[PDB]
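Here's the structure we're looking at; comments come further down.
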Amino acid sequence: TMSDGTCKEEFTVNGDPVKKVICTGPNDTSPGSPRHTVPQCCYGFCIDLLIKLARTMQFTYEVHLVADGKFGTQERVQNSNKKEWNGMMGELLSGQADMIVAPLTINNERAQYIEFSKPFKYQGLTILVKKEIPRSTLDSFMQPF
Amino acid sequence: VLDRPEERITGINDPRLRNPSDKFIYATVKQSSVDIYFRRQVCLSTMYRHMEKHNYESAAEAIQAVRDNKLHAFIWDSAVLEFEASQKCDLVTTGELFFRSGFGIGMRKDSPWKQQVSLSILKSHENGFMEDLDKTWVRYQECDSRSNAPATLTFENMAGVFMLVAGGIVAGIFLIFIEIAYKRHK
Amino acid sequence: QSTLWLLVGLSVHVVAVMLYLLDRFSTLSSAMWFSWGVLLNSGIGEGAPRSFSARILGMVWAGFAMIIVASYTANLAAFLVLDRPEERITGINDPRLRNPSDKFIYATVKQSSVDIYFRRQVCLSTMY
Amino acid sequence: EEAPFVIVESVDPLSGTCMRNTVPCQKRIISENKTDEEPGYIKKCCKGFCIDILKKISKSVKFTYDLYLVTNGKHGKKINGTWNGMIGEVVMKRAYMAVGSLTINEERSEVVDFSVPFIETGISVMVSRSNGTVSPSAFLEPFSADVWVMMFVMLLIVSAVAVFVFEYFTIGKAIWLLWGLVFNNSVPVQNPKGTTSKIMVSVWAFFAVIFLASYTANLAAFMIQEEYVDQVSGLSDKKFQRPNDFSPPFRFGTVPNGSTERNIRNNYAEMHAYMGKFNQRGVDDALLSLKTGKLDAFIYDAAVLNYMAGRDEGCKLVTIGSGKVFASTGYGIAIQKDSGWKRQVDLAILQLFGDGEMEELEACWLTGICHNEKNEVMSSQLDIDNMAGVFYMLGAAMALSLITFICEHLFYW
Amino acid sequence: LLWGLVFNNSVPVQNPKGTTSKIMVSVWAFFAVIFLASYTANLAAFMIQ
Ligand SMILES: *[C@@H]1O[C@H](CO)[C@@H](O[C@H]2O[C@H](CO)[C@@H](O)[C@H](O)[C@H]2NC(C)=O)[C@H](O)[C@H]1NC(C)=O
Ligand SMILES: *[C@@H]1O[C@H](CO)[C@@H](O)[C@H](O)[C@H]1NC(C)=O
């Protein structure tokens with residue numbers, strides 16, 4: 001945010017007003033910090049969809065980022081027997097939230113304990129790798145010589 | 001043609017992805033869905049171990065490490081990664097989609113808002129709303145670049161023979177000097 | 001394509017006569033012989049246009065014809081690879097063996113073991 | 001019955017009941033004479049994609065099941081607040097579930113339930129085949145412009161200094177000999193001063209032949225190229241939006257009273273009205289009327305259109321591609337409302353997605369010959385635009401010659 | 001002169017009799033450049049081994 005409390009607006013290529021929302025959460029530094037539950041400001045595809053959805057359904061809300069960056073998976077903690085849902089999935093299933101709007105995948109492991117909506121963007125998995133140009137000029141007069 | 005790089009990486013069938021060597025590293029994000037998929041897979045266990053050895057904490061860190069040639073290949077979602085590649089730029093995706101699934105809002109069981117939100121999402125898919133969102137600020141806002149071509153001529157290619165130019169010139173100056181001196185002698 | 005063929009046959013003559021008239025303003029036929037030869041890289045030589053800049057333009061057009069012959073040898077080197085037959089048939093995975101067309105026929109011997117194998121195969125029934 | 005998702009067949013002229021890996025599907029013909037009655041009970045047997053899906057589901061959660069074809073309406077639409085087709089058969093309690101080619105939208109979900117989608121799909125546009133052209137415009141790519149003029153000035157300066165030191169002439173001499181080195185053409189070779197300068201131009205020719213070998217190889221490399229385009233860019237394109245300009249891209253197929261029909265009607269009314277002249281006989285008539293010239297643009301469910309484009313002799317095509325899919329939704333398994341089966345069926349289909357088994361079904365139900373091998377025969381000197389640009393440069397050179405001759409005439413006197 | 005046509009080298013070009021024979025060697029050079037383009041492409045092809 002800007003020092004005024006909010007973060008300054010802006011405009012799209014068409015000069016359209018980008019919606020933004022105030023979202024608290026992380027320590028401003030996850031790796032090394034005690035905690036700093038500081039106010040931030042969010043805006044994104046999901047934020048637009050949330051805005052439209054709420055206007056269509058008369059909500060009122062407040063967004064806060066997750067505590068530890070992880071999406072979520074099942075785990076048996078140390079020094080106990082109860083296997084626990086990690087991360088954001090846990091922040092939902094414990095009682096800290098009432099909904100999870102994010103790029104969340106769909107698979108039966110999650111679908112045991114949560115209810116899913118219909119999909120709102122289809123996709124898959126794929127691999128990324130760096131692209132390299134370099135030519136192979138080396139003693140051009142000498143290599144065939 | 002001979003000096004073409006090993007520019008071929010396919011989806012999850014290439015033997016390289018199955019017999020891992022420390023020349024390549026394939027990483028993902030810990031506690032992520034991809035980790036579930038790879039764990040509950042029968043004959044990819046070696047790959048799964050070698051991957052579990054080097055995973056990351058967030059997507060952005062892995063993107064950066066690939067930009068710095070520390071991580072050789074990255075296996076993450078398709079929409080996020082496709083935008084990140086086509087946009088930032090001079091990064092590329094290889095292979096076909098395999099774990100075809102979707103995204104979705106989540107909720108604890110039994111809230112009426114589930115039954116409402118599903119209908120809302122369908123209605124929104126009908127009005128092209130999602131389509132214009134995508135066209136707005138998902139795609140079409142990138143380093144839209146074409147395919148590859150063979151290498152061209154550069155100055156480092158010419159330097160090896162430009163030396164013979166100046167070398168021959170200085171040799172010719174000395175040679176004409178000494179030849180005229182000799183013709184002055186005999 | 002007879003178009004890239006026929007265009008030079010007129011361009012050479014028109015630029016040659018253009019430079020010839022230029023020299024006339026202050027050799028015509030000799031200039032024609034010269035332009036044809038220098039396009040063809042002939043062992044037939046003659047005198048250059050009188051002025052400096054006319055023969056300058058002549059040498060520019062010469063570089064142009066050089067690019068022309070480079071394009072020609074490149075196109076032939078290309079046609080080498082382009083006219084390669086459909087020389088690729090793999091084991092039983094290629095889609096062609098799965099969506100049969102009357103361009104190809106795959107036959108075996110009746111009452112043979114291969115017939116058993118292909119019959120008791122689930123999703124090769126069309127092929128069978 | 002539909003495209004590869006569900007197929008029917010005569011049973012078995014050899015065995016009385018039909019082959020392995022097939023399910024017996026009954027049909028009830030009621031189209032005979034109206035004299036007394038005949039519920040036409042014929043036992044045929046059906047096979048295909050959705051059939052395999054349900055054959056695995058039933059073993060996963062222990063159903064049993066008959067199979068029951070339908071007559072009144074292809075898929076289903078609202079009729080005075082009543083439903084025909086499969087949805088009609090579901091709401092009338094005659095079936096818990098309907099399988100096969102079935103879409104998902106809002107209006108159906110209002111009256112029936114829906115499983116989790118197991119194949120994404122949507123709208124798309126198929127047209128006649130497309131063709132390409134020449135991609136490169138000028139053959140300067142074999143070197144950088146900086147390379148080019150750097151070599152240029154280096155050679156010119158070295159030539160001038162070699163002349164100035166050999167005299168210790170006739171600028172045209174040096175210039176023309178240099179250009180003959182770079183072009184390997186016949187040149188009016190004057191002033192062959194016999195001295196070290198000859199060794200100089202010998203090294204010159206060394207450089208020149210090396211450079212020309214490099215240039216020919218580089219052009220041989222850069223000759224590899226391809227091209228393709230499609231002259232439509234979405235349902236929002238002016239043609240569809242304004243189907244009354246000079247160009248009449250016409251007869252959009254859109255087999256009526258399916259789904260894309262009602263979507264179009266709810267979004268683009270005038271398109272519907274003008275689309276009243278269309279194709280009405282499934283997909284085969286669509287492909288035919290496209291092949292003849294009876295129409296040029298088809299609109300239907302992408303899930304079958306991409307398949308049809310795949311397993312097709314020759315190569316027709318759809319619009320630009322997957323990135324052109326409008327109102328993307330997915331197929332489903334419509335079960336009766338509020339049944340307890342819904343959660344288990346959903347979880348089972350997700351289970352199938354997990355263990356990588358949809359790969360097998362896509363592997364041997366959904367593949368095509370032409371759905372691969374993207375390439376083209378390279379472009380020879382058929383490029384009229386490239387050669388025309390080069391010729392325009394030549395004419396500019398002619399004009400420069402005219403102007404410098406005028407300027408020389410001015411500078412003389 | 002024929003060998004210079006086939007080899008594109010510098011030759012002691014004598015006897016340039018100015019007549020139709022010049023058109024003859026012009027067609028000669030046409031054939032020669034076509035043949036040399038063919039030869040270089042053919043060697044580029046046969047180089048694969
Ligand atoms: C679309 O709607 C029409 C409108 O009813 C359906 O059919 C018609 O064709 C039937 C068979 O020939 C007749 O029995 C109906 O009387 C006739 N209706 C009218 C108004 O003429 C048609 O089956 C529906 N589906 C398709 C694919 O066209
Ligand atoms: C409704 O029924 C009337 C006759 O009762 C018929 O003419 C009309 O076409 C029907 N319309 C719909 C939408 O069902």
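Here's how to read the names in the structure tokens: chain A, B, ... by the order shown, residue numbers from 1 in each chain, ligand numbers from 1 in the order shown.
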At most 8 Å to chain A: residues in chain D, only C-alpha atoms, as a ChimeraX atom specification: /D:116,120,210,347,350-351,353-354
Chain C contacts on chain D, only C-alpha atoms, 6 Å, as a VMD selection string: chain D and resid 183 185 to 186 220 369 377 380
Those residues you just picked out, can you put them in a file as an mmCIF file, in the first residue's frame with C-alpha atoms?
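That gives us result.cif:
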```
data_model
loop_
_atom_site.group_PDB
_atom_site.id
_atom_site.type_symbol
_atom_site.label_atom_id
_atom_site.label_comp_id
_atom_site.auth_asym_id
_atom_site.auth_seq_id
_atom_site.Cartn_x
_atom_site.Cartn_y
_atom_site.Cartn_z
ATOM 1 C CA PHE D 183 30.238 -11.033 -56.245
ATOM 2 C CA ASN D 185 31.341 -11.727 -61.467
ATOM 3 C CA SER D 186 33.263 -10.643 -64.548
ATOM 4 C CA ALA D 220 20.543 -22.510 -47.304
ATOM 5 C CA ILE D 369 -4.004 -38.849 -39.059
ATOM 6 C CA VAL D 377 6.695 -27.427 -48.988
ATOM 7 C CA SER D 380 10.855 -21.164 -54.108
#
```
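Those residues that approach residue 170 of chain B to within 12 Å, counting only C-alpha atoms, are residues 163, 164, 165, 166, 167, 173, 174, 175, 176 and 177 of chain B; 158, 161, 162, 165, 196, 197 and 200 of chain D; same-chain residues fewer than 3 positions away are not listed.
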Contact residues (chain E, partner chain B, 12 Å, only C-alpha atoms) as an MDAnalysis selection string: chainID E and resid 44 47:49
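Restricting the calculation to only C-alpha atoms, the smallest distance between residue 43 of chain E and any of C:80, C:27, C:116, C:6 is found for C:80.
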Expected answer as a ChimeraX atom specification: chain A residues within 7 Å of chain B, only C-alpha atoms: /A:70-73,93,98-101,103-106,114-131,135-137,139
The selected residues should be written to file as a short mmCIF file (atom, residue, chain, number, x, y, z; two decimals), in the first residue's frame (atoms: N, CA and C atoms).
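So again23.cif came out as:
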```cif
data_model
loop_
_atom_site.label_atom_id
_atom_site.label_comp_id
_atom_site.auth_asym_id
_atom_site.auth_seq_id
_atom_site.Cartn_x
_atom_site.Cartn_y
_atom_site.Cartn_z
N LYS A 70 1.96 -22.39 1.31
CA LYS A 70 1.75 -23.69 0.69
C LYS A 70 0.29 -23.88 0.30
N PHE A 71 0.08 -24.53 -0.84
CA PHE A 71 -1.27 -24.83 -1.28
C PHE A 71 -1.98 -25.74 -0.29
N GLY A 72 -1.49 -26.97 -0.15
CA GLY A 72 -2.09 -27.89 0.79
C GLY A 72 -1.94 -29.35 0.42
N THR A 73 -1.63 -30.18 1.41
CA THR A 73 -1.58 -31.62 1.22
C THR A 73 -1.72 -32.27 2.59
N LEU A 93 -10.26 -25.94 6.49
CA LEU A 93 -10.97 -27.02 7.16
C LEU A 93 -10.99 -26.84 8.67
N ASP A 98 -14.16 -19.44 5.17
CA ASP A 98 -15.43 -19.95 4.70
C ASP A 98 -15.45 -20.20 3.21
N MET A 99 -14.33 -19.98 2.53
CA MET A 99 -14.24 -20.13 1.09
C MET A 99 -12.79 -19.95 0.71
N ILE A 100 -12.41 -20.50 -0.43
CA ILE A 100 -11.04 -20.47 -0.90
C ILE A 100 -11.06 -20.15 -2.39
N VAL A 101 -10.83 -18.89 -2.74
CA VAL A 101 -10.81 -18.46 -4.12
C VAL A 101 -9.36 -18.28 -4.52
N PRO A 103 -6.21 -20.27 -7.57
CA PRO A 103 -6.01 -21.35 -8.53
C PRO A 103 -5.84 -22.69 -7.84
N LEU A 104 -6.95 -23.33 -7.49
CA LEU A 104 -6.95 -24.60 -6.79
C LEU A 104 -7.28 -25.72 -7.76
N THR A 105 -6.47 -26.78 -7.76
CA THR A 105 -6.72 -27.91 -8.63
C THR A 105 -7.87 -28.75 -8.10
N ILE A 106 -8.24 -29.78 -8.86
CA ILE A 106 -9.35 -30.66 -8.52
C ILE A 106 -8.84 -32.08 -8.58
N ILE A 114 -13.75 -31.59 0.99
CA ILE A 114 -14.17 -30.28 0.53
C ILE A 114 -15.24 -30.48 -0.53
N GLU A 115 -16.07 -29.47 -0.72
CA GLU A 115 -16.97 -29.45 -1.86
C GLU A 115 -16.48 -28.47 -2.90
N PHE A 116 -16.47 -28.90 -4.15
CA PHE A 116 -15.98 -28.10 -5.25
C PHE A 116 -17.12 -27.58 -6.11
N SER A 117 -16.92 -26.40 -6.67
CA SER A 117 -17.84 -25.86 -7.65
C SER A 117 -17.56 -26.50 -9.00
N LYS A 118 -18.30 -26.08 -10.02
CA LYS A 118 -17.92 -26.47 -11.36
C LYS A 118 -16.62 -25.77 -11.72
N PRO A 119 -15.87 -26.30 -12.68
CA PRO A 119 -14.61 -25.66 -13.04
C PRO A 119 -14.88 -24.34 -13.73
N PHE A 120 -14.01 -23.37 -13.46
CA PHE A 120 -14.12 -22.07 -14.10
C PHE A 120 -12.96 -21.76 -15.02
N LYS A 121 -12.00 -22.66 -15.16
CA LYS A 121 -10.97 -22.52 -16.19
C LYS A 121 -10.29 -23.87 -16.35
N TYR A 122 -10.41 -24.48 -17.53
CA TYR A 122 -9.77 -25.76 -17.77
C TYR A 122 -8.30 -25.56 -18.10
N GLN A 123 -7.51 -26.60 -17.86
CA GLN A 123 -6.07 -26.51 -18.02
C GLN A 123 -5.48 -27.91 -17.97
N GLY A 124 -4.15 -27.97 -17.88
CA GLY A 124 -3.46 -29.23 -17.68
C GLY A 124 -2.12 -29.03 -16.99
N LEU A 125 -1.18 -29.93 -17.25
CA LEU A 125 0.18 -29.79 -16.76
C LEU A 125 1.14 -29.80 -17.94
N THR A 126 2.31 -29.19 -17.74
CA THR A 126 3.29 -29.08 -18.81
C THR A 126 4.63 -28.71 -18.20
N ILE A 127 5.65 -28.63 -19.06
CA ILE A 127 7.03 -28.47 -18.63
C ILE A 127 7.57 -27.19 -19.23
N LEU A 128 8.39 -26.48 -18.47
CA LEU A 128 9.06 -25.27 -18.93
C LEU A 128 10.57 -25.48 -18.89
N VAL A 129 11.25 -24.96 -19.91
CA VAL A 129 12.70 -25.05 -20.01
C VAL A 129 13.21 -23.82 -20.74
N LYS A 130 14.46 -23.45 -20.46
CA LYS A 130 15.03 -22.25 -21.05
C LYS A 130 15.33 -22.46 -22.52
N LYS A 131 15.24 -21.37 -23.28
CA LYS A 131 15.53 -21.38 -24.71
C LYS A 131 16.91 -20.78 -24.94
N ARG A 135 25.03 -19.85 -31.58
CA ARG A 135 25.61 -20.42 -32.78
C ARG A 135 26.82 -21.28 -32.42
N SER A 136 27.50 -21.78 -33.46
CA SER A 136 28.67 -22.63 -33.29
C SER A 136 29.80 -22.21 -34.23
N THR A 137 30.10 -20.92 -34.28
CA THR A 137 31.28 -20.46 -35.00
C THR A 137 32.53 -20.63 -34.14
N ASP A 139 36.80 -20.96 -35.10
CA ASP A 139 37.89 -21.05 -36.06
C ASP A 139 37.37 -21.55 -37.41
#
```
Å distance separating atom CA of residue 54 of chain A from atom CA of residue 18 of chain A, one decimal place: 16.9 Å
Within 7 Å of ligand 1 (only C-alpha atoms and all ligand atoms), residues as a ChimeraX atom specification: /D:73-74,255-257,280
Once you have the residues from the selection above, write them out as a compact mmCIF listing (two decimals), in the first residue's frame, restricted to N, CA and C atoms.
```txt
# COMPACT_ATOMS: atom_id res chain seq x y z
N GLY D 73 -36.77 -37.02 -29.67
CA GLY D 73 -35.86 -35.89 -29.55
C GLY D 73 -34.42 -36.33 -29.40
N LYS D 74 -33.52 -35.56 -30.01
CA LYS D 74 -32.11 -35.96 -30.05
C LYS D 74 -31.47 -35.84 -28.67
N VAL D 255 -26.82 -27.52 -36.53
CA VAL D 255 -27.92 -28.47 -36.40
C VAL D 255 -28.86 -27.95 -35.32
N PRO D 256 -30.14 -27.76 -35.60
CA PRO D 256 -31.00 -27.01 -34.69
C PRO D 256 -31.22 -27.70 -33.36
N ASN D 257 -31.92 -27.00 -32.47
CA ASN D 257 -32.41 -27.50 -31.19
C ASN D 257 -31.46 -28.51 -30.54
N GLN D 280 -29.19 -29.42 -41.75
CA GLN D 280 -30.15 -30.00 -40.81
C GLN D 280 -29.97 -31.51 -40.65
```
Neighbourhood of ligand 2 at 12 Å, counting only C-alpha atoms and all ligand atoms, reported as a ChimeraX atom specification: /D:77-84,257
Writing out the chosen residues with N, CA, C and O atoms as a compact mmCIF listing (two decimals), in the first residue's frame:
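out25.txt, written as the output of this step:
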```txt
# COMPACT_ATOMS: atom_id res chain seq x y z
N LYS D 77 -34.87 -30.31 -25.31
CA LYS D 77 -35.10 -28.88 -25.19
C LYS D 77 -36.41 -28.66 -24.46
O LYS D 77 -37.25 -29.56 -24.36
N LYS D 78 -36.58 -27.46 -23.92
CA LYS D 78 -37.80 -27.13 -23.20
C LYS D 78 -38.91 -26.90 -24.21
O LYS D 78 -38.70 -26.26 -25.25
N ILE D 79 -40.09 -27.43 -23.91
CA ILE D 79 -41.24 -27.37 -24.80
C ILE D 79 -42.45 -27.13 -23.91
O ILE D 79 -42.91 -28.04 -23.22
N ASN D 80 -42.97 -25.90 -23.92
CA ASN D 80 -44.07 -25.50 -23.05
C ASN D 80 -43.78 -25.87 -21.60
O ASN D 80 -44.66 -26.34 -20.87
N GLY D 81 -42.54 -25.68 -21.19
CA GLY D 81 -42.14 -26.13 -19.88
C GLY D 81 -42.04 -27.63 -19.73
O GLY D 81 -42.02 -28.13 -18.60
N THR D 82 -41.99 -28.37 -20.83
CA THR D 82 -41.77 -29.80 -20.81
C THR D 82 -40.51 -30.14 -21.58
O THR D 82 -40.06 -29.38 -22.45
N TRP D 83 -39.93 -31.29 -21.25
CA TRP D 83 -38.66 -31.71 -21.81
C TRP D 83 -38.84 -32.99 -22.61
O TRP D 83 -39.50 -33.93 -22.16
N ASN D 84 -38.25 -33.01 -23.79
CA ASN D 84 -38.15 -34.21 -24.60
C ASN D 84 -36.74 -34.77 -24.45
O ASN D 84 -35.97 -34.32 -23.60
N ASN D 257 -31.92 -27.00 -32.47
CA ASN D 257 -32.41 -27.50 -31.19
C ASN D 257 -31.46 -28.51 -30.54
O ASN D 257 -31.87 -29.59 -30.10
```
Selection: 7 Å around residue 386 of chain D, only C-alpha atoms, excl. self and same-chain fewer than 4 positions, as a PyMOL selection string: chain D and resi 137-138+390
Keeping N, CA, C and O atoms for every residue in the selection just given, could you write it to a file as a compact mmCIF listing (two decimals), in the first residue's frame?
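Result file follows (part.txt):
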```txt
# COMPACT_ATOMS: atom_id res chain seq x y z
N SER D 137 10.75 -11.84 -46.70
CA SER D 137 10.59 -10.69 -47.58
C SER D 137 11.90 -10.25 -48.23
O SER D 137 11.90 -9.90 -49.42
N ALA D 138 13.00 -10.25 -47.49
CA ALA D 138 14.30 -9.92 -48.05
C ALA D 138 15.33 -10.86 -47.45
O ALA D 138 15.26 -11.22 -46.28
N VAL D 390 12.70 -6.02 -54.00
CA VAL D 390 14.06 -5.91 -54.53
C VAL D 390 14.08 -5.08 -55.81
O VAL D 390 14.95 -4.22 -56.00
```
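Picture a line from atom CA of residue 8 of chain E to atom CA of residue 151 of chain D; it runs 24.8 Å.
Atom CA of residue 43 of chain A is found 16.9 Å from atom CA of residue 28 of chain A.
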Residues of chain E within 9 Å of chain C, counting only C-alpha atoms, as an MDAnalysis selection string: chainID E and resid 1 4:5 8 11 13 16 22:23 25:30 33:34 36:38 40:42 44:45
Take the residues that were just selected and, keeping C-alpha atoms, output them as a CSV table (one decimal), in the first residue's frame.
```csv
chain,number,residue,atom,x,y,z
E,1,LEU,CA,37.0,-21.6,-72.0
E,4,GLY,CA,36.4,-22.2,-67.1
E,5,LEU,CA,32.7,-22.4,-67.6
E,8,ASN,CA,34.1,-20.7,-62.7
E,11,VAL,CA,41.3,-18.6,-67.3
E,13,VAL,CA,40.6,-16.1,-72.1
E,16,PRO,CA,37.1,-13.5,-78.0
E,22,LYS,CA,29.6,-15.0,-78.1
E,23,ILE,CA,25.9,-15.8,-77.8
E,25,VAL,CA,29.2,-19.1,-74.9
E,26,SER,CA,26.5,-17.0,-73.2
E,27,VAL,CA,24.2,-20.0,-73.4
E,28,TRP,CA,27.3,-22.0,-72.3
E,29,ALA,CA,27.5,-20.0,-69.1
E,30,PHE,CA,23.8,-20.4,-68.6
E,33,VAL,CA,25.8,-22.0,-63.8
E,34,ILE,CA,22.8,-24.2,-63.7
E,36,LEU,CA,27.2,-25.8,-60.8
E,37,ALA,CA,24.1,-25.0,-58.8
E,38,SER,CA,22.9,-28.6,-59.3
E,40,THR,CA,26.6,-27.9,-55.1
E,41,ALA,CA,23.1,-28.9,-54.1
E,42,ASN,CA,23.8,-32.5,-54.9
E,44,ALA,CA,25.1,-30.8,-50.0
E,45,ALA,CA,22.6,-33.7,-50.2
```
Filtered DSSP result for segment 38-123 of chain D, state strand (DSSP E), as JSON, numbers by chain: {"D": [41, 42, 43, 44, 45, 46, 47, 78, 79, 82, 83, 97, 98, 120, 121, 122, 123]}
Counting only C-alpha atoms, the residue of B:17, B:43, B:65, B:59 that sits nearest chain D: B:43
Proximity to chain B - best of D:396, D:149, D:295, D:407, only C-alpha atoms: D:149
Test item: chain D residues at most 9 Å from chain B, counting only C-alpha atoms, as number ranges by chain: D: 104-106, 109-110, 118-119, 141-144, 146-147, 151, 158, 162, 165-166, 195-197, 199-200, 203-204, 207, 210-211, 214-215, 218, 221-222, 224-225, 263, 267, 326-329, 353-356, 359
DSSP-assigned helix (DSSP H, G or I) members of chain C, reported as number ranges by chain: C: 3-25, 28-40, 52-82, 95-97, 113-119, 122-124
Selected residues, C-alpha atoms, written as an mmCIF file, in the first residue's frame, please.
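Output (out_23.cif):
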```
data_model
loop_
_atom_site.group_PDB
_atom_site.id
_atom_site.type_symbol
_atom_site.label_atom_id
_atom_site.label_comp_id
_atom_site.auth_asym_id
_atom_site.auth_seq_id
_atom_site.Cartn_x
_atom_site.Cartn_y
_atom_site.Cartn_z
ATOM 1 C CA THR C 3 7.515 -15.160 -64.263
ATOM 2 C CA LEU C 4 10.751 -14.984 -62.284
ATOM 3 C CA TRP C 5 12.195 -16.503 -65.453
ATOM 4 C CA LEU C 6 10.780 -13.939 -67.879
ATOM 5 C CA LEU C 7 11.246 -10.784 -65.775
ATOM 6 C CA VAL C 8 15.047 -10.765 -65.924
ATOM 7 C CA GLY C 9 15.021 -11.262 -69.696
ATOM 8 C CA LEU C 10 13.525 -7.783 -69.982
ATOM 9 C CA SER C 11 15.085 -6.100 -66.942
ATOM 10 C CA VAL C 12 18.622 -6.778 -68.153
ATOM 11 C CA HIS C 13 17.916 -5.223 -71.555
ATOM 12 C CA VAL C 14 16.030 -2.210 -70.233
ATOM 13 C CA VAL C 15 18.710 -1.292 -67.679
ATOM 14 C CA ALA C 16 21.420 -1.842 -70.290
ATOM 15 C CA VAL C 17 19.745 0.476 -72.805
ATOM 16 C CA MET C 18 19.091 2.954 -69.980
ATOM 17 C CA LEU C 19 22.791 3.183 -69.187
ATOM 18 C CA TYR C 20 23.508 3.264 -72.927
ATOM 19 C CA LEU C 21 21.297 6.314 -73.402
ATOM 20 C CA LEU C 22 22.897 7.809 -70.283
ATOM 21 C CA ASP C 23 26.334 7.463 -71.876
ATOM 22 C CA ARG C 24 24.836 8.910 -75.062
ATOM 23 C CA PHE C 25 23.798 11.990 -73.068
ATOM 24 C CA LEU C 28 24.983 0.372 -77.251
ATOM 25 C CA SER C 29 25.304 -3.106 -78.741
ATOM 26 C CA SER C 30 28.525 -3.787 -76.840
ATOM 27 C CA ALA C 31 26.685 -2.700 -73.694
ATOM 28 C CA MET C 32 23.993 -5.291 -74.453
ATOM 29 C CA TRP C 33 26.581 -8.041 -74.926
ATOM 30 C CA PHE C 34 28.202 -6.827 -71.692
ATOM 31 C CA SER C 35 25.045 -6.855 -69.592
ATOM 32 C CA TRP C 36 24.018 -10.316 -70.780
ATOM 33 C CA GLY C 37 27.491 -11.675 -70.071
ATOM 34 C CA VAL C 38 27.881 -10.049 -66.660
ATOM 35 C CA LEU C 39 24.510 -11.478 -65.678
ATOM 36 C CA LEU C 40 25.621 -14.909 -66.870
ATOM 37 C CA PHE C 52 31.660 6.283 -63.281
ATOM 38 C CA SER C 53 28.161 6.180 -61.776
ATOM 39 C CA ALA C 54 26.609 4.305 -64.709
ATOM 40 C CA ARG C 55 29.003 1.403 -64.215
ATOM 41 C CA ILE C 56 28.447 1.816 -60.464
ATOM 42 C CA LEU C 57 24.765 1.050 -61.026
ATOM 43 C CA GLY C 58 25.809 -1.758 -63.344
ATOM 44 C CA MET C 59 27.811 -3.333 -60.527
ATOM 45 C CA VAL C 60 24.876 -2.876 -58.152
ATOM 46 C CA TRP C 61 22.677 -4.777 -60.597
ATOM 47 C CA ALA C 62 25.511 -7.314 -60.737
ATOM 48 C CA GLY C 63 25.265 -7.832 -56.992
ATOM 49 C CA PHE C 64 21.528 -8.206 -57.562
ATOM 50 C CA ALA C 65 22.067 -11.000 -60.082
ATOM 51 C CA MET C 66 24.469 -12.571 -57.589
ATOM 52 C CA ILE C 67 21.672 -12.632 -55.026
ATOM 53 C CA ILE C 68 19.502 -14.147 -57.768
ATOM 54 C CA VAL C 69 21.852 -17.066 -58.351
ATOM 55 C CA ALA C 70 22.223 -17.495 -54.592
ATOM 56 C CA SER C 71 18.445 -17.769 -54.320
ATOM 57 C CA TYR C 72 18.459 -20.312 -57.149
ATOM 58 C CA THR C 73 21.055 -22.593 -55.578
ATOM 59 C CA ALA C 74 19.253 -22.235 -52.242
ATOM 60 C CA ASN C 75 15.940 -23.237 -53.810
ATOM 61 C CA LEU C 76 17.526 -26.290 -55.408
ATOM 62 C CA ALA C 77 19.138 -27.300 -52.112
ATOM 63 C CA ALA C 78 15.652 -26.928 -50.620
ATOM 64 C CA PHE C 79 13.807 -28.955 -53.287
ATOM 65 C CA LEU C 80 16.327 -31.663 -52.422
ATOM 66 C CA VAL C 81 14.777 -32.130 -48.982
ATOM 67 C CA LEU C 82 11.215 -31.004 -49.740
ATOM 68 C CA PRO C 95 -2.783 -43.564 -36.656
ATOM 69 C CA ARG C 96 -2.708 -44.572 -40.322
ATOM 70 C CA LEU C 97 -2.863 -48.224 -39.310
ATOM 71 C CA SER C 113 -2.131 -66.883 -36.154
ATOM 72 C CA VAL C 114 -1.978 -63.179 -36.977
ATOM 73 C CA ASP C 115 -5.705 -63.344 -37.616
ATOM 74 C CA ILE C 116 -6.258 -64.699 -34.107
ATOM 75 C CA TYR C 117 -4.118 -61.961 -32.587
ATOM 76 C CA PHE C 118 -5.902 -59.180 -34.429
ATOM 77 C CA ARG C 119 -9.362 -60.591 -33.787
ATOM 78 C CA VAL C 122 -10.272 -54.661 -28.393
ATOM 79 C CA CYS C 123 -9.763 -51.317 -30.146
ATOM 80 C CA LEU C 124 -8.408 -52.440 -33.507
#
```
Exercise: segment 97-103 of chain D partners within 6 Å, only C-alpha atoms, chain neighbours under 6 positions left out, as an MDAnalysis selection string: chainID D and resid 50 331 333:335
